[PDB]
Amino acid sequence: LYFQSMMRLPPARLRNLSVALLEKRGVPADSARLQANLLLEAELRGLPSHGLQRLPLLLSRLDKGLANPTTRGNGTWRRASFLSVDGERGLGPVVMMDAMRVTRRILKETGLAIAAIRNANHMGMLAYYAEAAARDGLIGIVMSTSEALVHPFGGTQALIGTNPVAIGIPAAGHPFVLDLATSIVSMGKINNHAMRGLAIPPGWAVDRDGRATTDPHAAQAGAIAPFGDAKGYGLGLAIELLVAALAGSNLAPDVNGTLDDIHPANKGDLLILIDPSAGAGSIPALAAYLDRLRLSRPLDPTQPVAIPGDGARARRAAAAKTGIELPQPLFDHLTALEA
Amino acid sequence: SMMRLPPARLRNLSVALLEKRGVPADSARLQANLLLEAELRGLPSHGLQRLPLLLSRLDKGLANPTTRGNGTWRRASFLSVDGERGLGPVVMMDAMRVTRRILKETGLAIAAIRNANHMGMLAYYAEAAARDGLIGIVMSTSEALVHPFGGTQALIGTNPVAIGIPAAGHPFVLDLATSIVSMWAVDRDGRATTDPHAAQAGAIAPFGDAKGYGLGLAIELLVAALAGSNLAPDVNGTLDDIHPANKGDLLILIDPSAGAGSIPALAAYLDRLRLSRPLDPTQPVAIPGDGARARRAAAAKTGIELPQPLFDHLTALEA
């Protein structure tokens with residue numbers, strides 16, 4: 001069936017297509033490439049919820065003056081270690097990476113710094129930034145909020161964002177890279193189900209009335225559960241409050257501009273960088289410890305203990321080889337936009 | 001065999017026992033208060049039960065009665081602390097006092113602590129910061145008691161993290177360990193068990209499957225990288241009275257007035273959640289901190305329950 005069909009394509013082809021579409025909107029080539037890399041990396045790593053299905057909305061927001069194609073954001077040092085960034089409606093990854101460049105400069109002096117971003121568009125997959133920090137030998141902690149999509153533990157109304165946090169930590173070779181939504185599932189993933197006419201496992205969501213549902217279209221208008229029960233809720237809510245307080249963005253119930261092309265993006269993002277060299281520990285000792293964990297007694301011998309970031313790396317390597325699978329309707333959509 | 005006592009009687013008894021060993025009054029009250037607040041909030045695992053062990057550690061020099069630690073500013077916002085074997089709460093509150101002074105200049109600071117004794121309940125420090133109009137993020141490592149997701153060996157500490165956020169009134173105070181339960185479980189053999197005694201020499205699961213494991217591991221790594229403490233497998237001195245404590249602690253303080261947001265807007269938003277549609281009309285949505293406060297008020301009214309052996313042991317010590 002059409003809406004359930006897939007195509008497999010070479011990553012380079014999709015990247016080129018994505019860049020050309022961005023560029024048709026006046027987005028600078030370096031920035032176009034970066035926004036495209038964010039989505040392609042998501043696709044390659046098995047996170048299609050934050051991959052190319054995100055693109056048409058950004059393209060639309062650009063065409064409509066809701067997204068600013070050239071700005072890289074405007075940062076002000078409010079204190080020695082605190083960068084306040086007005087995104088100026090810029091593309092998320094462009095504003096994030098610029099904030100990282102600026103905050104990183106200060107780390108030599110400060111050891112710890114934070115950039116608090118408002119008025120920027122959707123960040124996509126936060127692992128991208130956590131990983132970039134880690135590859136530069138830094139500890140990177142990243143947060144972003146969203147439209148109210150998640151109900152509290154014990155509640156059934158959408159009041160909290162999907163609120164991912166990502167943590168990058170330098171290891172020897174491959175960095176420790178943690179990226180997790182505090183919701184039990186992404187709305188992006190639910191949309192993909194709705195799109196393809198698929199049911200969703202029970203427990204993901206409730207409908208608009210608060211009744212448990214397996215219907216993705218119902219779920220779309222409903223609320224998603226937190227992961228890890230009261231603890232995951234605690235964490236999602238902490239993130240919500242930290243982002244608002246520091247970034248000065250809106251709380252979830254007032255948030256739009258990520259899943260629509262009508263309203264200003266008014267969610268927030270936080271980036272915290274830390275220079276491990278200011279610390280008293282040993283990055284190489286971290287490496288040996290992670291190796292130890294990988295070789296420790298598995299519950300299942302066929303499935304060795306993994307470190308956050310292993311799976312994503314294994315999936316990326318395989319997709320770069322075999323190609324990316326995306327829904328045919330999405331491919332036709334981008335293709336129409338191309339022409 | 002249980003008994004119920006006024007908190008003030010327990011506080012007084014704890015303080016005397018500490019002072020007996022050369023702990024200055026204010027430090028003694030603080031350390032005392034750490035255990036009492038844990039009792040009042042229904043967390044006896046971090047309460048007076050821990051007191052005999054600390055008294056023994058003080059008498060052995062594994063705990064130093066006077067030190068507040070020695071801190072060194074490595075960077076503009078980075079304080080490295082040598083706990084010098086001080087009491088956990090004493091070292092931690094001093095680091096908070098010290099890093100707080102720089103916030104008007106820097107907006108943000110972190111204290112990385114090694115060589116300090118057990119911190120007790122992290123919520124205490126998160127709340128302290130939040131009541132000072134500050135955001136506080138606290139974490140601590142411990143003996144390896146937790147197995148990785150997909151693994152059966154105890155290789156990771158229980159690795160709690162607490163987060164306090166000011167909220168014009170009752171602060172948001174989240175305190176969460178990254179294991180499913182406090183010392184479900186396997187081992188020593190790595191075999192699933194429903195037997196407590198076997199669990200004790202076993203390994204506890206992370207909460208939230210892979211995600212909770214990820215968080216517990218991240219905590220493990222951050223603390224060791226920054227504080228220079230030992231990884232979980234090599235950690236001692238928290239559950240025993242024979243080894244120097246070699247786990248680590250982190251404190252992050254952030255001044256919200258450096259941010260572009262609004263604490264008052266946070267409070268209205270939390271109220272809105274409390275008033276939202278519950279799964280059960282009888283059990284309204286709660287904000288982290290709510291249950292602890294309610295338990296505390298209840299206990300302050302009805303007194304604290306503790307085993308008679310513990311109390312008899314402590315009272316014999318005070319005499």
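When reading the values below, keep in mind they use all heavy atoms of this one structure, side chains included, and skip hydrogens, waters and symmetry mates. Order of the sequence lines sets the chain letters (A, B, ...), proteins ahead of strands, with each chain counted from 1.
The nearest pair of heavy atoms linking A201(B) to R188(B) is O-CB, 3.3 Å. Here the closest non-hydrogen pair linking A199(B) and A185(B) is CB-CB, 3.7 Å. The heavy-atom pair separating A109(B) from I102(B) by the smallest distance is CB-CD1, 3.7 Å. The two residues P298(A) and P304(A) come nearest to each other via the heavy atoms CB-CA, 4.3 Å. Taking every heavy atom of both residues into account, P164(A) and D179(A) meet most closely at CB-OD1, 4.3 Å. Nearest heavy-atom pair across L246(A) and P256(B) is CD2-CA, 4.1 Å.
For the pair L250(B)/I113(B), no side-chain contact is recorded, criterion being any heavy-atom separation below 4.5 Å from C-beta on. Annotation: side chain of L30(B) is in contact with side chain of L34(B) (closest heavy-atom distance under 4.5 Å). Under the 4.5 Å side-chain criterion, counting only non-hydrogen atoms from C-beta, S186(A) is in contact with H50(A). Side-chain contact between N230(B) and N236(B) is absent, with no heavy-atom pair separated by less than 4.5 Å. Counting heavy atoms from C-beta outward, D255(B) and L108(B) have side chains that stay 4.5 Å or more apart. Taking 4.5 Å as the limit, every side-chain heavy atom of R68(B) sits out of range of all side-chain heavy atoms of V91(B). Side-chain contact between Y128(A) and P93(A) is absent, with no heavy atoms from C-beta onward closer than 4.5 Å. You'll find the side chain of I114(A) stays beyond 4.5 Å of the side chain of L271(A), heavy atoms only.
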>> Using side-chain contact (heavy atoms from CB on, under 4.5 Å), reason through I307(A) and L217(B) one step at a time and then give a plain yes or no.
In response: CA-CA 9 Å; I307(A) 310 305; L217(B) 184 45; 4.2 Å; yes
>> Set out, in order, the CA-CA distance, both residues' side-chain angles and the distance that settles side-chain contact (heavy atoms from CB on, under 4.5 Å) for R191(B) and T152(B), then state yes or no.
In response: CA-CA 8 Å; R191(B) 249 140 273 211; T152(B) 57; over 6 Å; no
> Which is it for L79(B) and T72(B) under the side-chain contact (heavy atoms from CB on, under 4.5 Å) test, yes or no, and what are the steps along the way?
Replying inline: CA-CA 6 Å; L79(B) 180 73; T72(B) 298; 5.6 Å; no
> Given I160(A) and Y233(A), is the side-chain contact (heavy atoms from CB on, under 4.5 Å) satisfied, shown in steps?
Replying inline: CA-CA 9 Å; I160(A) 303 162; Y233(A) 154 62; 3.7 Å; yes
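Side chain of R57(B) to backbone of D240(B): a donor-acceptor contact under 3.5 angstrom is found. For the pair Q153(B) (side chain) and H147(B) (backbone), a donor-acceptor distance under 3.5 Å is absent. Within the 3.5 Å criterion, the main-chain N or O of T302(A) finds a donor-acceptor partner in the side chain of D300(A). One N or O on the side chain of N159(B) and one on the backbone of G216(B) form a donor-acceptor pair closer than 3.5 Å. Put simply, the side chain of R74(B) gets close to the backbone of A278(A): a donor and an acceptor are under 3.5 Å apart. Although no hydrogens or angles enter the test, the distance criterion places a donor-acceptor pair under 3.5 Å between the side chain of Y125(B) and the main chain of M119(B). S142(B) contributes a side-chain N or O that, together with a main-chain N or O of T158(B), makes up a donor-acceptor pair within less than 3.5 Å. A donor-acceptor contact shorter than 3.5 Å is absent between the side chain of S27(B) and the backbone of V23(B). Side chain of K211(B) to backbone of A181(A): a donor-acceptor contact under 3.5 angstrom is found. The backbone N or O of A99(A) lies less than 3.5 Å from a partner atom in the side chain of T103(A), making a donor-acceptor pair.
To the nearest 0.5 Å, atoms OG (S277(A)) and NZ (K108(A)) are separated by 7.5 Å. Rounded to the nearest 0.5 angstrom, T141(B) OG1 and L221(B) CG are separated by 11.0 Å. With rounding to the nearest 0.5 angstrom, the OG atom of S182(B) is 7.0 Å from the CD1 atom of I204(B). Residue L215(B) holds its CG atom at 12.0 Å from CD of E220(B), rounded to the nearest 0.5 Å. Interatomic distance, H174(A) NE2 to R135(A) CZ, rounded to the nearest 0.5 Å: 9.0 Å. Separating the CE atom in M96(B) from the CG atom in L134(B) is a distance of 8.5 Å, to the nearest 0.5 Å.
More than 12 heavy atoms of other residues, nucleotides or ligands sit less than 6.0 Å from atom CZ of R313(A). Counting heavy atoms of neighbouring residues, nucleotides and ligands inside a 6.0 Å radius, atom CH2 of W184(B) does not exceed 12 of them. When the shell of 6.0 Å around CZ of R292(A) is examined, it contains 12 or fewer heavy atoms from other residues, nucleotides or ligands. Taking a 6.0 Å sphere around CZ of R100(B), one finds it holds 12 or fewer heavy atoms contributed by other residues, nucleotides or ligands. The number of heavy-atom neighbours closer than 6.0 Å to CZ of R21(B), taken from other residues, nucleotides and ligands shown, is above 12.
Judged by distance alone, the side chains of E84(B) and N64(B) never bring a donor and an acceptor atom under 3.5 Å apart. Using modelled atom types and a 3.5 Å distance limit, the side chains of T110(A) and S77(B) yield no donor-acceptor pair.
Look at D189(B) and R297(A) and you find no salt bridge, because none of the NZ, NE, NH1 or NH2 atoms lies under 4.0 Å from a carboxylate O. With salt bridges taken as basic N to acidic carboxylate O contacts below 4.0 Å, one links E131(A) and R45(A). For the pair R114(B) and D249(B), the salt-bridge criterion is not met [side-chain N within less than 4.0 Å of a carboxylate O]. Between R29(B) and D26(B) there is no salt bridge, since no side-chain N of the basic residue sits under 4.0 Å from a carboxylate O of the acidic one. For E105(B) and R79(A), the salt-bridge test fails: no basic side-chain N is under 4.0 Å from an acidic carboxylate O.
With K247(B) as the fixed residue, the side-chain contact (heavy atoms from CB on, under 4.5 Å) test singles out one of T238(B), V223(B), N115(B): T238(B).
Here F227(A) and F153(A) keep their ring centres 6.0 angstrom or further from each other.
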